[PDB]
Amino acid sequence: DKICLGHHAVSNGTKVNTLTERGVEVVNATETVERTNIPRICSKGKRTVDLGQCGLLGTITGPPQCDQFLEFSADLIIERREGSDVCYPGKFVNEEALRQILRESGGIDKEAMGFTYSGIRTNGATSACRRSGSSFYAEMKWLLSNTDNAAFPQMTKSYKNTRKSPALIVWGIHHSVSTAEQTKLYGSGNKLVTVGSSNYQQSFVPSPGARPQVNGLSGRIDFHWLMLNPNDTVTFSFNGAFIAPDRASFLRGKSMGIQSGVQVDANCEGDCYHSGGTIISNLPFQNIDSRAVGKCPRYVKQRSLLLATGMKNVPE
Amino acid sequence: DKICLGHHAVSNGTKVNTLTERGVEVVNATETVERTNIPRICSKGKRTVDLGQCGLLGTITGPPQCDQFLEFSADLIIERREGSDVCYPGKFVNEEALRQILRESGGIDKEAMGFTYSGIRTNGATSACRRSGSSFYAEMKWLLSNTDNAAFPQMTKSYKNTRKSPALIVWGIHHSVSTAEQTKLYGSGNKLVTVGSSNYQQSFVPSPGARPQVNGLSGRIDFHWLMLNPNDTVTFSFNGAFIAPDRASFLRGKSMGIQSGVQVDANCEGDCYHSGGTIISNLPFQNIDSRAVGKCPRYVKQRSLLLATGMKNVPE
Amino acid sequence: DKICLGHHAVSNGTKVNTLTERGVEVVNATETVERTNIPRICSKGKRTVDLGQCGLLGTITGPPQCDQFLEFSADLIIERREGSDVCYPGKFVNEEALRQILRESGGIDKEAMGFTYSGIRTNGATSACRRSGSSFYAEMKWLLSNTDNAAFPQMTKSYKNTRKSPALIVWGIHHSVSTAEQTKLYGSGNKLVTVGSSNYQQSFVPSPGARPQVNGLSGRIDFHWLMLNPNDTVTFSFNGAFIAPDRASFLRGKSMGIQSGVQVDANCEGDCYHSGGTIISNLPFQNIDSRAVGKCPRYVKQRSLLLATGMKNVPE
Amino acid sequence: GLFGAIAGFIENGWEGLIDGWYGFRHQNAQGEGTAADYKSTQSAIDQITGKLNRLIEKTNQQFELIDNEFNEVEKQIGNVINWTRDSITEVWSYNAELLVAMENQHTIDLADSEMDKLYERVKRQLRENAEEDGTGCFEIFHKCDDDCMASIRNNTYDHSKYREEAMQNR
Amino acid sequence: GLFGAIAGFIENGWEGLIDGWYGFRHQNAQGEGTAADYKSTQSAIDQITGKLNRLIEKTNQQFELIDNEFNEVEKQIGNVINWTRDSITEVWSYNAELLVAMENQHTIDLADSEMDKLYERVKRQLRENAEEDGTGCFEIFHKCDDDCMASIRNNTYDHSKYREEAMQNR
Amino acid sequence: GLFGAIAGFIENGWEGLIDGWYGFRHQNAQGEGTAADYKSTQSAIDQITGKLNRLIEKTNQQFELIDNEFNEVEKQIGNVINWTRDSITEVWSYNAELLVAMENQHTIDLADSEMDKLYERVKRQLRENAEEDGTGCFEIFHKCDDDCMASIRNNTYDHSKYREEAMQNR
Ligand SMILES: CC(=O)N[C@@H]1[C@@H](O)[C@H](O[C@@H]2O[C@H](CO[C@]3(C(=O)O)C[C@H](O)[C@@H](NC(C)=O)[C@H]([C@H](O)[C@H](O)CO)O3)[C@H](O)[C@H](O)[C@H]2O)[C@@H](CO)O[C@H]1O
Ligand SMILES: CC(=O)N[C@@H]1[C@@H](O)[C@H](O[C@@H]2O[C@H](CO[C@]3(C(=O)O)C[C@H](O)[C@@H](NC(C)=O)[C@H]([C@H](O)[C@H](O)CO)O3)[C@H](O)[C@H](O)[C@H]2O)[C@@H](CO)O[C@H]1O
Ligand SMILES: CC(=O)N[C@@H]1[C@@H](O)[C@H](O[C@@H]2O[C@H](CO[C@]3(C(=O)O)C[C@H](O)[C@@H](NC(C)=O)[C@H]([C@H](O)[C@H](O)CO)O3)[C@H](O)[C@H](O)[C@H]2O)[C@@H](CO)O[C@H]1O
Ligand SMILES: *[C@@H]1O[C@H](CO)[C@@H](O[C@@H]2O[C@H](CO)[C@@H](O)[C@H](O)[C@H]2NC(C)=O)[C@H](O)[C@H]1NC(C)=O
Ligand SMILES: *[C@@H]1O[C@H](CO)[C@@H](O[C@@H]2O[C@H](CO)[C@@H](O)[C@H](O)[C@H]2NC(C)=O)[C@H](O)[C@H]1NC(C)=O
Ligand SMILES: *[C@@H]1O[C@H](CO)[C@@H](O[C@@H]2O[C@H](CO)[C@@H](O)[C@H](O)[C@H]2NC(C)=O)[C@H](O)[C@H]1NC(C)=O
Ligand SMILES: *[C@@H]1O[C@H](CO)[C@@H](O)[C@H](O)[C@H]1NC(C)=O
Ligand SMILES: *[C@@H]1O[C@H](CO)[C@@H](O)[C@H](O)[C@H]1NC(C)=O
Ligand SMILES: *[C@@H]1O[C@H](CO)[C@@H](O)[C@H](O)[C@H]1NC(C)=O
Ligand SMILES: *[C@@H]1O[C@H](CO)[C@@H](O)[C@H](O)[C@H]1NC(C)=O
Ligand SMILES: *[C@@H]1O[C@H](CO)[C@@H](O)[C@H](O)[C@H]1NC(C)=O
Ligand SMILES: *[C@@H]1O[C@H](CO)[C@@H](O)[C@H](O)[C@H]1NC(C)=O
Ligand SMILES: *[C@@H]1O[C@H](CO)[C@@H](O)[C@H](O)[C@H]1NC(C)=O
Ligand SMILES: *[C@@H]1O[C@H](CO)[C@@H](O)[C@H](O)[C@H]1NC(C)=O
Ligand SMILES: *[C@@H]1O[C@H](CO)[C@@H](O)[C@H](O)[C@H]1NC(C)=O
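Residue numbers (the authors' numbering), protein chains in the order written: chain A, 1 to 316; chain A', 1 to 316; chain A'', 1 to 316; chain B, 1 to 170; chain B', 1 to 170; chain B'', 1 to 170. A prime marks a further copy of an entry chain.
Set out below in structure tokens:
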């Protein structure tokens, strides 16, 4: 007598949201927001450098914990909480900008500056920087006056970047523990260090005095830096208090840099990283970490946004 | 004979816009952009602190107009145009960053630093800072040399943050009106002030000379600051020209801060504020002020965007 | 016997994308992303100033290549790669912020500061700044000590902005090639320059030493600046090493500024510019240059996004 | 609209229909009368109010000051902030404009749809006992008194009772 | 499309219909002929051009330089700017892609709808004097000469004149 | 939905229809039986999977660190960054919410549409040899044996063969 048309239905449907309505039930649906984290750094196929106890900026100056990182190569660079940029207490001016340059440098390659000296000492060391007894930063030289209280002669040194990419130049300023202990090392009078590149002019006068004992030591070294363009020259005028670069760095290519506290895993592949690990997903969104970096789903505040993949469920 | 189907219509309809068409007339519609402002700060239920003549940064140092704000508590902090951070002319280094910290501090609680002194004066004052005759900043001490032209002895003072949250430390640098008037207060020679925390190194040399008469006075004080982490120590080496902290501040919790020129109103509740008042609305957008803060509708350039809430109007 | 309904079709249709499907073929379509560039700066109807060999910041100080730009007027300002801000080697502190102010200044109008001098020379010159033999920056004065090694007397000079808009003030600091050559010009001792406006406090000590030979010269001049509000006063205390402003600048109105390497064209009109030229288009998007400025289509990464302007093509 | 009823094969709306959104106006041997269809009205109303509750809500997301009306921040950082804010204004002004436009399109089509759904229900009720006029009207061959018409409005019209009659009256 | 006419119960389009978008092609005792429906064509055209004027417009919103091609800004502030700009590119590239996709869906469905609206108008005109073929065709029992067919296209076909004839010819 | 079939003039779905999305369940002189319509099922499936491939993709756009978890950047620049990031979160959280909502609306309407398209095809096949029940059913006057019913499902039912019979059985 008859023929009737219909459609499929389920007992268990999935509720979703529409323009018009909250929680309409459909046959099937699928998630658009990623919540599944992999608690490792997924490094499969990637030249990876885990800095561990080496600070990223310490790769340029070379305290002992960075000795095996002086000329690294990488697609992926990892910083760790335990890392430290210094052996002798001190810090970098414009520290974060430098880190950013280095995170995407592809690693570094080092080249002798070619400074030589006369009328002064070049081998200054300390108990903070340990390599079979007292040492210093591997890429630097602690310049002194030959003997105690001796006049540090006003010095002029230049270096032309002969290469086709910009040179990274780094030099330190030593602030001794007192006004007396400064004159001992470099002689009395107002010391003056200056620096001049085509698009860079600056001056540096020291500042002796008592800082808190870090590594048991109350002295500090101010590290500074510039990017020296191809064929450009840079000159250092100094009456003292100066930590001299021995080598200059050049950037190898491209990389990314992350901060994290989890292990590396070469069985695992991913392009989106954060401090807790790797987000592997094709979903367009994620609700795991808004500071995730690399190539990532967009961060959203919602835990979940289900997308209908079936008709409306209308059961018996 | 018949039965006819139809729908409702009105004489007065509302024009709206669609994908396809500008100004199609519909039965009813509603606004999506808020334009109604309340010209008061709606503070109902909120611990509120109207700084009035006190500048936000003056709550840390304590010129007389901030005496009743030295240890405030708040969910909502209001700055006024008439406010001033100083009594003795001067200003803060990194002023705006500090304001931002303080706007969301939840207010402050003050604690004695525990500095004591020997071989110098500690009670320096001025006619700019008025409390029954001449006074100074309540939270600071103007350090001098005992008598005129006397050598200010190179001094070392430390303070360990023993508490579980970061300490806000503030100290001043006095630039006298001349090279002579500097030596009077602190003795001749090049004065040097330095500061050293775990993630902070800086030095401060003064600079006497003639500034314009502000409050009738041509001297200036440079205020500076750092956040001292828990258990960390901070040391001050100074030959002179130094305004010493007596107290350190700690941040109580959370708050928001606004700037405004209208009255407070406790009958009124709102979470979106701007200098002209409060935006109370559930509409998703607003066209009142793009710098509104708090929890707000999104700012848009359109005055109006009507949303259809009825069918198309098709009258006789 | 019959009557049949149908619709139009074409042999050649255009493929487009939908929510549901990639590359469905439609009757007609149109592009939404602009790719057509005009390789000129389209300036029709616009007061235009092509700085050529003059650097934007050089319009304030006046090296010879900016002599015809000392008081320009403009809706549109163009910077060129060949431009230079200096004649005597040196640079500006906060250079980019100043450029930004000047790009939208509408041009400048200059007014004498009214400084006069006694006990010192005012006409210092050089071979780097060429105007029929040796000259200097047209808007500045190189202040010296009357004769060699003579004491430069500590000086106080003020200037009140009597006008209704903020004054742009600029002054230089000369760093000589050595410690000796500094004392020659300005006498021995530690020189000190300071500056004090209502919302500005800073100090400037020089720094002699050997920089690389730019224009054949190893000396440098540090240019500095502030915006002096209406009725506000600014005072200069200086023991030497000071390049004095002769004129102050005021901003005329509004303009935009661009950087480019192509020619100006007054036959051509446009509001969206980039270094390669002008984007003339009504399309909502563009894929030419993400740093385009003015009033522009939004930049997108897609080369092309075709929008259906016809029904689906369903041919024989 | 997309369903071609409202501002389509129905000529116009009824200003006299204050009772609801969609409804019936019959003619018979007893005179003319009118009434409202609750069900179709309700679906449209409910769907539309569903749009509103979804849109009329503000986020719990707090934003703070990053510049200063009384004391201008450094120009460089100030220009980056302004550029960023203006960029965000452009995104939201676009979003609001697209949101309202596309919502309104759907709204209007949805209301057209519901009218079509009501028309088609009735057609199906009557079967071969009626015909499509074309103006949104059903010419009825057999005699529908007021009692008859109310049975249609209530979904209770039994077509078999009047079938023989109206088939003959073709 | 959503209305199942274009690329639906109509097999294909007509390349010979250069006269408009939608139209008629009749067969009778005088031969075959074709013509275009102005009204349906116009609604579709007008709705589509309405989309364009709305989309083909640029904002009056000026943006200025915050970095420098000839003299790189400080790296930190430079990286924040680049990150901000790239973030904004991602938003707009998404927006443009979604805009065009959803516009195209509606466009295609809208054109399908108008064809359905035209088909249904005619059906309603003819009443029980014709039948649904199923390929988008109306088989007519009575003799529609060219004069007859033109009356349909002009909305003037009087069904009552030919009713008796075609009802008999069932 | 917009087409008023699913959760409309069809009362409910069939949990027994595991064979596909849409289908037939006939009744005749041989008993009841059921089957699935491949074509309508496929269009819906294909359109829906087409949505997914389009949405389930990540961009090739790299973003780098502009702040620091182990060593906080300067507060001013830090607050600008946070404000910028939070602003971008607000845009994307909005986008995702609107995307899914509007996709789901279309999905549901699209599935409703396909059911309507299937219903209307069959109606057109049967012509005046059947009638609209109103619950999504076709009452057939002539005897459709299982062989008959399969001809409908395969688009091969010849209406002219049974026309005389069912016209009489009115
Ligand atoms: C060997 C000598 O002449 N004097 C010894 C004292 O120095 C020593 O007291 C200890 O001093 C320690 C600091 O020593 C160094 C260091 O950094 O370890 C030694 C470096 O050679 C010296 N380097 C240079 C280039 O001058 C360095 C430097 O002077 C300062 O770092 C500058 O601020 O100092 C440390 O402070 C110990 O805590 C302290 O006890 C005593 C005790 O061993 O023996 C003396 O013979
Ligand atoms: C009492 C005395 O020895 N000399 C008096 C003159 O100072 C006074 O001239 C007036 O000086 C005023 C400045 O005075 C102060 C101030 O700030 O008000 C007084 C403070 O005690 C002093 N504090 C300290 C710690 O040194 C302070 C300070 O030296 C400067 O601010 C540093 O720059 O100066 C003010 O300039 C008046 O305008 C001026 O007339 C005359 C006239 O009353 O009487 C003298 O007895
Ligand atoms: C005329 C004289 O007394 N001495 C002549 C030498 O100066 C000269 O050596 C040349 O010196 C050049 C630098 O000269 C200037 C300059 O900038 O061109 C000349 C300016 O008048 C002087 N201006 C002022 C205000 O002092 C200026 C200034 O001292 C420095 O720039 C400060 O750093 O220096 C240049 O370096 C040449 O390369 C160099 O050969 C010799 C040779 O001509 O003749 C002497 O008579
Ligand atoms: C950033 O934009 C603000 C406005 O949003 C500018 O401040 C305004 O400046 C105009 C003219 O200079 C004044 O009329 C107003 O009083 C200002 N309004 C506010 C709210 O401050 C500001 O100048 C811009 N920033 C920079 C660096 O130019
Ligand atoms: C920000 O991005 C710009 C490009 O948008 C970078 O500048 C480019 O750098 C590449 C390689 O270093 C050069 O080939 C181009 O000449 C540059 N293009 C432009 C338009 O300047 C810039 O390096 C980035 N900023 C930072 C701080 O890295
Ligand atoms: C910017 O926001 C970050 C979080 O995204 C803030 O850093 C967090 O601060 C809270 C409380 O101070 C800590 O519990 C977390 O350890 C921090 N998280 C991260 C990821 O760093 C940061 O303080 C904000 N920046 C500024 C200038 O206030
Ligand atoms: C299905 O039904 C079970 C009932 O136990 C329920 O717990 C579960 O959440 C449901 N899951 C779905 C619809 O995906
Ligand atoms: C339903 O959707 C999920 C996606 O979450 C998919 O994995 C699965 O294959 C689908 N199941 C059915 C029965 O369609
Ligand atoms: C650098 O200088 C050398 C001359 O020794 C020249 O060969 C080279 O082209 C120059 N490169 C650049 C980028 O200026
Ligand atoms: C309604 O009509 C009046 C006519 O005086 C008009 O002024 C007003 O703007 C209209 N308001 C509406 C449609 O909301
Ligand atoms: C029409 O919409 C407005 C919202 O602007 C609402 O307040 C009112 O209740 C509505 N009126 C009617 C008659 O639906
Ligand atoms: C600070 O030091 C004290 C030791 O006196 C210790 O109890 C506390 O855990 C330390 N807290 C932190 C955060 O380092
Ligand atoms: C039209 O057809 C030609 C065939 O030669 C093809 O090359 C061209 O790309 C097509 N252009 C269109 C559809 O706009
Ligand atoms: C097709 O669209 C284009 C836009 O690219 C337009 O210029 C042209 O007039 C249109 N042609 C036809 C035949 O509609
Ligand atoms: C500046 O001062 C003069 C007094 O000479 C006064 O007329 C003017 O109103 C003042 N303007 C401002 C903006 O303070």
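We treat Cβ as the ideally placed atom computed from N, Cα and C, and that holds for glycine.
Measuring straight from C-alpha to C-alpha, what distance separates residue 50 (chain B') and residue 100 (chain B')?
Inter-residue distance for residue 50 (chain B') and residue 100 (chain B') is about 15 Å (C-alpha atoms, whole angstroms).
I'd like to check one pair, residue 26 (chain B'') with residue 115 (chain B''): are the Cβ atoms closer than 8 Å?
Taking 8 Å as the Cβ cut-off, residue 115 (chain B'') and residue 26 (chain B'') do not qualify as a contacting pair.
Which residues in chain A' sit within 7 Å of residue 12 (chain B), going by Cβ to Cβ distance?
Chain A' residues near residue 12 (chain B): 9, 314, 315, 316.
Determine whether the Cβ of residue 306 (chain A'') lies closer than 8 Å to any Cβ atom of chain B''.
Under the 8 Å criterion on CB atoms, residue 306 (chain A'') is classed as non-interfacial with respect to chain B''.
Can you tell me whether DSSP reads residue 310 (chain A') as helix, strand or coil?
Reduced to three states, the DSSP call for residue 310 (chain A') is coil.
Closer than 7 Å: residue 28 (chain A'') CB and nearest ligand 14 heavy atom:
For residue 28 (chain A''), the shortest separation between its Cβ and any heavy atom of ligand 14 lies below 7 Å.
Hey, out of A:39, A:271, A:51, A:180, whose CA is closest to residue 241 (chain A)'s CA?
Ranking A:39, A:271, A:51, A:180 by Cα distance to residue 241 (chain A) puts A:180 first.
3 or more residues per run - each beta strand (DSSP E) lying fully within the segment 154-189 of chain A'':
Counting whole runs of 3 or more residues, the segment 154-189 of chain A'' contains the beta strand (DSSP E) stretches 155-160, 167-175.
Would the segment 101-109 of chain A'' count as touching the segment 254-266 of chain A'' if we require 3 or more Cβ pairs under 8 Å?
Verdict: yes, contact present.
Which one or two residues does DSSP pair with residue 34 (chain A') in a beta bridge?
Answer by DSSP bridge pairing, in chain order: A':286.
Is any non-hydrogen atom of ligand 13 found closer than 7 Å to the C-beta of residue 17 (chain A''), if you look at the structure I gave you?
No, the beta carbon of residue 17 (chain A'') sits no closer than 7 Å to any heavy atom of ligand 13.
Could you confirm whether any beta carbon from chain A' is found closer than 8 Å to the beta carbon of residue 2 (chain B)?
No, its Cβ sits nowhere closer than 8 Å to a Cβ of chain A'.
Between the segment 260-279 of chain A' and the segment 34-46 of chain A', do at least 3 Cβ pairs fall closer than 8 Å?
Touching, per the Cβ criterion.
State the start and end residues of the unbroken beta strand (DSSP E) segment that holds residue 274 (chain A'').
Counted as a single uninterrupted DSSP element, the beta strand (DSSP E) harbouring residue 274 (chain A'') occupies residues 272-274.
Since residue 39 (chain B'') meets chain A'', which of its residues come closer than 9 Å, beta carbon to beta carbon?
Here the premise fails: no neighbours, minimum Cβ distance about 17 Å.
In chain order, what residues of the same chain lie with their CB nearer than 6 Å to the CB of residue 277 (chain A''), ignoring the 5 residues before and after it?
Excluding residues within five positions, the ones whose Cβ falls inside 6 Å are 37, 38, 39, 40, 262.
Verify whether the separation of the beta carbon atoms of residue 134 (chain A') and residue 186 (chain A') is less than 8 Å.
Note that the C-beta distance between residue 134 (chain A') and residue 186 (chain A') is not below 8 Å.
Is residue 66 (chain A) helix, strand or coil when you go by DSSP?
Residue 66 (chain A) falls in the helix class under three-state DSSP.
Applying a beta-carbon distance threshold of less than 9 Å, which residues of chain A neighbour residue 270 (chain A'')?
Under the 9 Å cutoff, chain A gives no residues; its nearest Cβ is about 32 Å from residue 270 (chain A'').
Residue 293 (chain A') and residue 89 (chain A') - do their beta-carbons sit closer together than 8 Å?
Contact: no.
Would you check whether ligand 1 has a heavy atom nearer than 7 Å to the C-beta of residue 102 (chain A')?
Taken from the Cβ of residue 102 (chain A'), every heavy atom of ligand 1 lies 7 Å or farther away.
Name the residues in the segment 133-163 of chain B'' whose C-beta lies less than 8 Å from a C-beta of chain B'; which are they?
For the segment 133-163 of chain B'', which is checked against every Cβ of chain B', not one residue is closer than 8 Å.
Inter-stretch contact at 8 Å, needing at least 3 Cβ pairs: the segment 14-27 of chain A'' / the segment 305-314 of chain A'':
Touching, yes, given that three or more Cβ pairs across the two stretches are closer than 8 Å.
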